[PDB]
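K.L.:
The structure file target_11.pdb (PDB, C-alpha atoms and all ligand atoms) is provided below.
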```
ATOM      1  CA  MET K   1     -15.655   5.666  -0.859
ATOM      2  CA  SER K   2     -12.983   7.319   1.289
ATOM      3  CA  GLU K   3      -9.500   8.434   0.191
ATOM      4  CA  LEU K   4      -8.069   5.257   1.731
ATOM      5  CA  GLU K   5     -10.521   3.053  -0.223
ATOM      6  CA  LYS K   6      -9.796   5.005  -3.387
ATOM      7  CA  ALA K   7      -6.076   4.317  -2.775
ATOM      8  CA  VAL K   8      -6.583   0.581  -2.272
ATOM      9  CA  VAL K   9      -8.445   0.270  -5.573
ATOM     10  CA  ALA K  10      -5.924   2.503  -7.412
ATOM     11  CA  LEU K  11      -3.176   0.069  -6.350
ATOM     12  CA  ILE K  12      -5.135  -2.851  -7.791
ATOM     13  CA  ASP K  13      -5.958  -0.923 -10.973
ATOM     14  CA  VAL K  14      -2.434   0.293 -11.840
ATOM     15  CA  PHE K  15      -1.103  -3.215 -11.291
ATOM     16  CA  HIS K  16      -3.546  -4.733 -13.812
ATOM     17  CA  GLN K  17      -3.061  -1.895 -16.281
ATOM     18  CA  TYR K  18       0.600  -2.938 -16.637
ATOM     19  CA  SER K  19       0.636  -6.656 -15.812
ATOM     20  CA  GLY K  20      -2.052  -7.460 -18.430
ATOM     21  CA  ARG K  21      -0.034  -6.006 -21.321
ATOM     22  CA  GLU K  22       1.987  -9.156 -22.208
ATOM     23  CA  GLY K  23       2.534 -12.728 -21.149
ATOM     24  CA  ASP K  24       1.180 -13.581 -17.740
ATOM     25  CA  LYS K  25      -1.790 -11.186 -17.429
ATOM     26  CA  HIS K  26      -1.142 -11.246 -13.643
ATOM     27  CA  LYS K  27       2.591 -10.522 -13.324
ATOM     28  CA  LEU K  28       4.708  -7.549 -14.324
ATOM     29  CA  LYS K  29       7.499  -8.612 -16.627
ATOM     30  CA  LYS K  30      10.496  -6.270 -16.869
ATOM     31  CA  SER K  31       9.134  -4.096 -19.698
ATOM     32  CA  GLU K  32       5.763  -3.704 -17.894
ATOM     33  CA  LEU K  33       7.540  -2.886 -14.616
ATOM     34  CA  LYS K  34       9.681  -0.214 -16.395
ATOM     35  CA  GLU K  35       6.681   1.531 -17.981
ATOM     36  CA  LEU K  36       4.762   1.451 -14.699
ATOM     37  CA  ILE K  37       7.700   3.226 -13.010
ATOM     38  CA  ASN K  38       8.287   5.635 -15.851
ATOM     39  CA  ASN K  39       4.714   6.641 -16.440
ATOM     40  CA  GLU K  40       3.255   6.315 -12.920
ATOM     41  CA  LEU K  41       6.084   7.111 -10.496
ATOM     42  CA  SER K  42       7.679  10.072 -12.308
ATOM     43  CA  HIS K  43       7.519  12.380  -9.200
ATOM     44  CA  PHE K  44       8.896   9.751  -6.769
ATOM     45  CA  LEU K  45      11.492   7.865  -8.872
ATOM     46  CA  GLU K  46      14.045   8.875 -11.579
ATOM     47  CA  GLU K  47      13.099   7.823 -15.085
ATOM     48  CA  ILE K  48      14.494   4.403 -15.965
ATOM     49  CA  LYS K  49      16.612   4.549 -19.152
ATOM     50  CA  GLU K  50      19.229   1.760 -18.781
ATOM     51  CA  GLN K  51      18.612  -1.998 -19.059
ATOM     52  CA  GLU K  52      20.842  -2.436 -15.984
ATOM     53  CA  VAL K  53      18.435  -0.483 -13.863
ATOM     54  CA  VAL K  54      15.388  -2.414 -15.170
ATOM     55  CA  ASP K  55      17.236  -5.662 -14.309
ATOM     56  CA  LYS K  56      18.347  -4.433 -10.915
ATOM     57  CA  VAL K  57      14.895  -3.083  -9.800
ATOM     58  CA  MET K  58      13.332  -6.439 -10.782
ATOM     59  CA  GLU K  59      16.121  -8.334  -9.053
ATOM     60  CA  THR K  60      15.216  -6.319  -5.903
ATOM     61  CA  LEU K  61      11.366  -6.763  -6.062
ATOM     62  CA  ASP K  62      11.405 -10.369  -7.237
ATOM     63  CA  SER K  63      11.285 -12.267  -3.885
ATOM     64  CA  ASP K  64      10.326 -15.642  -5.272
ATOM     65  CA  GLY K  65      12.962 -15.482  -8.003
ATOM     66  CA  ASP K  66      10.610 -16.103 -10.952
ATOM     67  CA  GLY K  67      11.891 -13.111 -13.010
ATOM     68  CA  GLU K  68       8.540 -11.276 -12.708
ATOM     69  CA  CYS K  69       6.776  -9.158 -10.094
ATOM     70  CA  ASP K  70       3.416 -10.547  -8.964
ATOM     71  CA  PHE K  71       0.784  -8.840  -6.884
ATOM     72  CA  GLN K  72       2.361  -9.657  -3.497
ATOM     73  CA  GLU K  73       5.744  -8.425  -4.667
ATOM     74  CA  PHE K  74       4.161  -5.303  -6.099
ATOM     75  CA  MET K  75       2.523  -4.541  -2.695
ATOM     76  CA  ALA K  76       6.016  -4.843  -1.127
ATOM     77  CA  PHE K  77       7.273  -2.267  -3.720
ATOM     78  CA  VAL K  78       4.427   0.135  -2.931
ATOM     79  CA  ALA K  79       5.275  -0.158   0.798
ATOM     80  CA  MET K  80       8.951   0.650   0.068
ATOM     81  CA  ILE K  81       8.019   3.717  -2.019
ATOM     82  CA  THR K  82       5.484   4.828   0.531
ATOM     83  CA  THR K  83       8.007   4.432   3.453
ATOM     84  CA  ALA K  84      10.609   6.462   1.448
ATOM     85  CA  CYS K  85       8.067   9.225   0.712
ATOM     86  CA  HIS K  86       7.051   9.253   4.375
ATOM     87  CA  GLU K  87      10.579   9.634   5.724
ATOM     88  CA  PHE K  88      11.495  12.272   3.104
ATOM     89  CA  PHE K  89       9.004  14.824   4.451
ATOM     90  CA  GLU K  90       9.794  14.841   8.140
TER      91      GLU K  90
ATOM     92  CA  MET M   1       0.612  13.289 -10.048
ATOM     93  CA  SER M   2      -0.681   9.898 -11.196
ATOM     94  CA  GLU M   3      -3.340   7.745  -9.501
ATOM     95  CA  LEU M   4      -0.563   5.620  -7.990
ATOM     96  CA  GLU M   5       1.188   8.707  -6.544
ATOM     97  CA  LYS M   6      -2.126  10.016  -5.257
ATOM     98  CA  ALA M   7      -2.614   6.633  -3.526
ATOM     99  CA  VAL M   8       0.825   6.674  -1.903
ATOM    100  CA  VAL M   9       0.206  10.112  -0.401
ATOM    101  CA  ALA M  10      -3.360   9.195   0.681
ATOM    102  CA  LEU M  11      -1.878   6.299   2.686
ATOM    103  CA  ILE M  12       0.515   8.672   4.441
ATOM    104  CA  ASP M  13      -2.233  11.244   5.034
ATOM    105  CA  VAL M  14      -4.881   8.925   6.535
ATOM    106  CA  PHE M  15      -2.262   7.456   8.851
ATOM    107  CA  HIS M  16      -1.335  10.882  10.274
ATOM    108  CA  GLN M  17      -4.955  11.995  10.469
ATOM    109  CA  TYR M  18      -5.586   9.220  13.021
ATOM    110  CA  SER M  19      -2.205   8.633  14.675
ATOM    111  CA  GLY M  20      -1.812  12.329  15.628
ATOM    112  CA  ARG M  21      -5.058  12.421  17.629
ATOM    113  CA  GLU M  22      -3.643  11.243  21.007
ATOM    114  CA  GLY M  23      -0.455  10.108  22.657
ATOM    115  CA  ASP M  24       2.308   9.186  20.269
ATOM    116  CA  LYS M  25       1.576  11.456  17.274
ATOM    117  CA  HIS M  26       3.156   8.708  15.104
ATOM    118  CA  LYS M  27       1.384   5.513  16.207
ATOM    119  CA  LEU M  28      -2.245   4.446  16.110
ATOM    120  CA  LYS M  29      -3.456   3.518  19.559
ATOM    121  CA  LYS M  30      -6.536   1.279  19.740
ATOM    122  CA  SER M  31      -9.126   4.085  19.703
ATOM    123  CA  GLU M  32      -7.398   5.763  16.709
ATOM    124  CA  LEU M  33      -7.168   2.418  14.886
ATOM    125  CA  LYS M  34     -10.925   1.782  15.493
ATOM    126  CA  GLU M  35     -12.004   5.176  14.122
ATOM    127  CA  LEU M  36      -9.724   4.801  11.101
ATOM    128  CA  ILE M  37     -11.425   1.467  10.310
ATOM    129  CA  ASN M  38     -14.908   2.707  11.051
ATOM    130  CA  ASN M  39     -14.719   5.965   9.186
ATOM    131  CA  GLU M  40     -12.293   5.073   6.366
ATOM    132  CA  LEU M  41     -12.820   1.377   5.612
ATOM    133  CA  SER M  42     -16.631   1.208   5.817
ATOM    134  CA  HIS M  43     -16.995  -0.440   2.330
ATOM    135  CA  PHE M  44     -14.227  -3.034   2.904
ATOM    136  CA  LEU M  45     -14.608  -3.939   6.612
ATOM    137  CA  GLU M  46     -17.599  -4.396   9.002
ATOM    138  CA  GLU M  47     -18.043  -1.593  11.500
ATOM    139  CA  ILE M  48     -16.184  -2.274  14.740
ATOM    140  CA  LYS M  49     -18.544  -2.116  17.752
ATOM    141  CA  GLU M  50     -17.049  -4.506  20.362
ATOM    142  CA  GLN M  51     -13.916  -3.919  22.464
ATOM    143  CA  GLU M  52     -12.927  -7.538  21.723
ATOM    144  CA  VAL M  53     -12.659  -6.795  18.052
ATOM    145  CA  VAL M  54     -10.615  -3.600  18.631
ATOM    146  CA  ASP M  55      -8.246  -5.666  20.828
ATOM    147  CA  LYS M  56      -8.057  -8.532  18.376
ATOM    148  CA  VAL M  57      -7.396  -6.366  15.238
ATOM    149  CA  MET M  58      -4.578  -4.591  17.129
ATOM    150  CA  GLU M  59      -3.236  -7.901  18.395
ATOM    151  CA  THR M  60      -3.077  -8.977  14.706
ATOM    152  CA  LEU M  61      -1.414  -5.776  13.278
ATOM    153  CA  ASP M  62       0.944  -5.190  16.190
ATOM    154  CA  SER M  63       4.084  -7.098  15.029
ATOM    155  CA  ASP M  64       6.512  -5.575  17.481
ATOM    156  CA  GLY M  65       4.169  -6.103  20.424
ATOM    157  CA  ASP M  66       4.139  -2.481  21.646
ATOM    158  CA  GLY M  67       0.300  -2.250  21.849
ATOM    159  CA  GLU M  68       0.154   0.321  19.012
ATOM    160  CA  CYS M  69       0.287   0.257  15.216
ATOM    161  CA  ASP M  70       3.140   2.286  13.718
ATOM    162  CA  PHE M  71       3.669   3.230  10.112
ATOM    163  CA  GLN M  72       5.343  -0.051   9.083
ATOM    164  CA  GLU M  73       2.592  -2.078  10.711
ATOM    165  CA  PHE M  74      -0.036   0.106   9.090
ATOM    166  CA  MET M  75       1.518  -0.551   5.625
ATOM    167  CA  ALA M  76       1.244  -4.305   6.391
ATOM    168  CA  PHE M  77      -2.499  -3.749   7.182
ATOM    169  CA  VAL M  78      -3.058  -1.860   3.924
ATOM    170  CA  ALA M  79      -1.387  -4.741   2.021
ATOM    171  CA  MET M  80      -3.695  -7.273   3.743
ATOM    172  CA  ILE M  81      -6.817  -5.232   2.891
ATOM    173  CA  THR M  82      -5.622  -4.654  -0.631
ATOM    174  CA  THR M  83      -4.842  -8.420  -1.158
ATOM    175  CA  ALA M  84      -8.350  -9.309   0.190
ATOM    176  CA  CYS M  85     -10.020  -6.764  -2.127
ATOM    177  CA  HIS M  86      -7.974  -8.091  -5.044
ATOM    178  CA  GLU M  87      -8.915 -11.730  -4.517
ATOM    179  CA  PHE M  88     -12.598 -10.882  -3.904
ATOM    180  CA  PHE M  89     -13.146  -9.606  -7.454
ATOM    181  CA  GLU M  90     -11.724 -12.409  -9.539
TER     182      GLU M  90
HETATM  183 CA    CA O 101       2.451  -9.338 -17.792
HETATM  184 CA    CA O 102       8.377 -12.857  -8.539
HETATM  185 CA    CA O 103      -1.605   8.272  18.405
HETATM  186 CA    CA O 104       3.434  -2.025  17.103
HETATM  187 ZN    ZN O 105      -5.802  -9.563 -10.375
HETATM  188 ZN    ZN O 106       4.983  10.595   9.781
END
```
Can the structure from this file be put into structure tokens for me?

P.N.:
Amino acid sequence: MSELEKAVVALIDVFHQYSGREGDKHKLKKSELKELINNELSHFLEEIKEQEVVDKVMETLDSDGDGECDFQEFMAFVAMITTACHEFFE
Amino acid sequence: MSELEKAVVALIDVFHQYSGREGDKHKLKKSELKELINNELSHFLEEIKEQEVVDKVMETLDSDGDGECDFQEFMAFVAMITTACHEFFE
């Protein structure tokens, strides 16, 4: 598989790594979201150390207002991070 | 960098590989779009061999109606493909 295919599956994989830790095996609750960011986005995003920031990032990604981030919402987050990385380097 | 970071940069990279071939170095025209799909999505999407399909896929991804696929529109395409791959395997 190509780099683009590898990327598509990596997005699926990281999501399930964190979402399947507690509660709804298919949604990132706040503590799963935090660890995903801290462990997996350490070169693109500042480490998250304050509850306020956990709350705020979820508030921002949670489009359907259920207090968790599901797969669709996670894809929106990846697009945001990707767009930011893109614009940074031109 | 983590698998998720690797994926984010791979998305940027493949885009520029194809968009910078002709015309607007930052948008995928139809022929660039076709080659990206054919060469880079061969395990997820059927090979594109008919002009009609090239036209239709662009018609579908082109949200701002400029006849090309820009970075934002490409990110929307990746999310579609990713969501389809996700749902396929559960
Ligand atoms: Ca969960
Ligand atoms: Ca939600
Ligand atoms: Ca181009
Ligand atoms: Ca367009
Ligand atoms: Zn799933
Ligand atoms: Zn660019």

K.L.:
Starting from the shown file, work through the ChimeraX specification (/M :<12) & /K and note down what comes out as a PyMOL selection string.

P.N.:
chain K and resi 1-17+26+36-45+70-90

K.L.:
In Å, with one decimal, what is the gap from CA of residue 62 in chain M to CA of residue 61 in chain K?

P.N.:
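Distance between the two atoms: 24.6 Å.
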
K.L.:
In Å to one decimal, how far is CA of residue 69 in chain M from CA of residue 54 in chain M?

P.N.:
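These two atoms are separated by 12.1 Å.
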
K.L.:
Could you check how far CA of residue 52 in chain K sits from CA of residue 35 in chain K, in Å to one decimal?

P.N.:
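So the answer is 14.8 Å.
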
K.L.:
Can you show chain K as an mmCIF file with C-alpha atoms, in the coordinates of the input once it has been least-squares superposed onto chain M, using every C-alpha atom paired in order?

P.N.:
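Just written: selection22.cif:
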```cif
data_model
loop_
_atom_site.group_PDB
_atom_site.id
_atom_site.type_symbol
_atom_site.label_atom_id
_atom_site.label_comp_id
_atom_site.auth_asym_id
_atom_site.auth_seq_id
_atom_site.Cartn_x
_atom_site.Cartn_y
_atom_site.Cartn_z
ATOM 1 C CA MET K 1 0.612 13.288 -10.048
ATOM 2 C CA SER K 2 -0.681 9.898 -11.196
ATOM 3 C CA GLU K 3 -3.340 7.745 -9.501
ATOM 4 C CA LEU K 4 -0.563 5.620 -7.990
ATOM 5 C CA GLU K 5 1.187 8.708 -6.544
ATOM 6 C CA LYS K 6 -2.126 10.016 -5.257
ATOM 7 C CA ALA K 7 -2.614 6.633 -3.526
ATOM 8 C CA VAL K 8 0.826 6.673 -1.902
ATOM 9 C CA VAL K 9 0.206 10.112 -0.401
ATOM 10 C CA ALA K 10 -3.360 9.195 0.681
ATOM 11 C CA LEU K 11 -1.878 6.299 2.686
ATOM 12 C CA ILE K 12 0.515 8.672 4.441
ATOM 13 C CA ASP K 13 -2.233 11.244 5.034
ATOM 14 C CA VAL K 14 -4.882 8.925 6.536
ATOM 15 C CA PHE K 15 -2.262 7.455 8.851
ATOM 16 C CA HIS K 16 -1.334 10.882 10.274
ATOM 17 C CA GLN K 17 -4.955 11.995 10.469
ATOM 18 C CA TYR K 18 -5.586 9.220 13.022
ATOM 19 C CA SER K 19 -2.205 8.633 14.675
ATOM 20 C CA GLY K 20 -1.812 12.329 15.628
ATOM 21 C CA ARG K 21 -5.057 12.421 17.629
ATOM 22 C CA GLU K 22 -3.644 11.243 21.007
ATOM 23 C CA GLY K 23 -0.455 10.108 22.657
ATOM 24 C CA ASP K 24 2.308 9.186 20.269
ATOM 25 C CA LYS K 25 1.576 11.455 17.274
ATOM 26 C CA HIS K 26 3.156 8.708 15.104
ATOM 27 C CA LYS K 27 1.384 5.513 16.206
ATOM 28 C CA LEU K 28 -2.245 4.446 16.110
ATOM 29 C CA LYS K 29 -3.456 3.517 19.559
ATOM 30 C CA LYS K 30 -6.536 1.280 19.741
ATOM 31 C CA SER K 31 -9.126 4.086 19.704
ATOM 32 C CA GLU K 32 -7.398 5.764 16.709
ATOM 33 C CA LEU K 33 -7.168 2.418 14.886
ATOM 34 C CA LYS K 34 -10.925 1.782 15.493
ATOM 35 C CA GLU K 35 -12.004 5.176 14.122
ATOM 36 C CA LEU K 36 -9.724 4.801 11.101
ATOM 37 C CA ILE K 37 -11.425 1.467 10.309
ATOM 38 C CA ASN K 38 -14.908 2.707 11.051
ATOM 39 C CA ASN K 39 -14.719 5.965 9.186
ATOM 40 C CA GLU K 40 -12.293 5.074 6.367
ATOM 41 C CA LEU K 41 -12.820 1.377 5.612
ATOM 42 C CA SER K 42 -16.631 1.208 5.817
ATOM 43 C CA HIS K 43 -16.995 -0.440 2.329
ATOM 44 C CA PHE K 44 -14.227 -3.034 2.904
ATOM 45 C CA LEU K 45 -14.608 -3.939 6.613
ATOM 46 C CA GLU K 46 -17.600 -4.396 9.002
ATOM 47 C CA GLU K 47 -18.043 -1.594 11.500
ATOM 48 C CA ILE K 48 -16.183 -2.274 14.740
ATOM 49 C CA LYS K 49 -18.543 -2.115 17.752
ATOM 50 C CA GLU K 50 -17.049 -4.507 20.362
ATOM 51 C CA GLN K 51 -13.916 -3.919 22.464
ATOM 52 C CA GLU K 52 -12.927 -7.537 21.723
ATOM 53 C CA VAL K 53 -12.659 -6.795 18.051
ATOM 54 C CA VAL K 54 -10.615 -3.600 18.631
ATOM 55 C CA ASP K 55 -8.246 -5.666 20.828
ATOM 56 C CA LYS K 56 -8.057 -8.533 18.376
ATOM 57 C CA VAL K 57 -7.396 -6.366 15.238
ATOM 58 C CA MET K 58 -4.578 -4.591 17.130
ATOM 59 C CA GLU K 59 -3.236 -7.901 18.396
ATOM 60 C CA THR K 60 -3.076 -8.977 14.705
ATOM 61 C CA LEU K 61 -1.414 -5.777 13.278
ATOM 62 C CA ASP K 62 0.943 -5.190 16.191
ATOM 63 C CA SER K 63 4.084 -7.098 15.029
ATOM 64 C CA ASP K 64 6.513 -5.575 17.481
ATOM 65 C CA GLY K 65 4.168 -6.103 20.424
ATOM 66 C CA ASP K 66 4.139 -2.481 21.646
ATOM 67 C CA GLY K 67 0.300 -2.250 21.850
ATOM 68 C CA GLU K 68 0.154 0.322 19.012
ATOM 69 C CA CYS K 69 0.288 0.257 15.216
ATOM 70 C CA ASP K 70 3.140 2.286 13.718
ATOM 71 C CA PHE K 71 3.668 3.230 10.112
ATOM 72 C CA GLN K 72 5.343 -0.051 9.083
ATOM 73 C CA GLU K 73 2.591 -2.078 10.711
ATOM 74 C CA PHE K 74 -0.037 0.106 9.090
ATOM 75 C CA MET K 75 1.518 -0.551 5.625
ATOM 76 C CA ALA K 76 1.244 -4.304 6.391
ATOM 77 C CA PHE K 77 -2.499 -3.749 7.182
ATOM 78 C CA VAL K 78 -3.058 -1.860 3.924
ATOM 79 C CA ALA K 79 -1.387 -4.741 2.021
ATOM 80 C CA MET K 80 -3.696 -7.272 3.743
ATOM 81 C CA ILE K 81 -6.817 -5.232 2.891
ATOM 82 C CA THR K 82 -5.622 -4.654 -0.631
ATOM 83 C CA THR K 83 -4.843 -8.419 -1.158
ATOM 84 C CA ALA K 84 -8.350 -9.308 0.190
ATOM 85 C CA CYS K 85 -10.020 -6.764 -2.128
ATOM 86 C CA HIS K 86 -7.973 -8.091 -5.044
ATOM 87 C CA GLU K 87 -8.915 -11.731 -4.517
ATOM 88 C CA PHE K 88 -12.598 -10.882 -3.904
ATOM 89 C CA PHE K 89 -13.146 -9.605 -7.454
ATOM 90 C CA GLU K 90 -11.724 -12.410 -9.539
#
```

K.L.:
Evaluate the PyMOL selection byres (((chain K and resi 68) around 6) and not hetatm) and record the selected residues as an MDAnalysis selection string, following the chain and residue labels used in the document.

P.N.:
chainID K and resid 28:29 66:67 69

K.L.:
For chain M against ligand CA 103 (chain O), with a cut-off of 8 Å and counting all atoms listed in the file, what is the closest atom pair and its distance in Å to one decimal for every residue that makes the cut, ordered by chain and number, as a tab-separated table?

P.N.:
```
residue	atom	partner	partner_atom	distance
M:18	CA	O:CA103	CA	6.8
M:19	CA	O:CA103	CA	3.8
M:20	CA	O:CA103	CA	4.9
M:21	CA	O:CA103	CA	5.5
M:22	CA	O:CA103	CA	4.4
M:23	CA	O:CA103	CA	4.8
M:24	CA	O:CA103	CA	4.4
M:25	CA	O:CA103	CA	4.6
M:26	CA	O:CA103	CA	5.8
M:27	CA	O:CA103	CA	4.6
M:28	CA	O:CA103	CA	4.5
M:29	CA	O:CA103	CA	5.2
M:32	CA	O:CA103	CA	6.5
```

K.L.:
Box time for range 16-33 of chain K: axis-aligned, enclosing all its listed atoms, 4 Å extra on each side; report centre and edge lengths in Å to one decimal, as JSON.

P.N.:
```
{"center_x": 3.5, "center_y": -7.7, "center_z": -17.8, "size_x": 22.0, "size_y": 19.7, "size_z": 16.9}
```
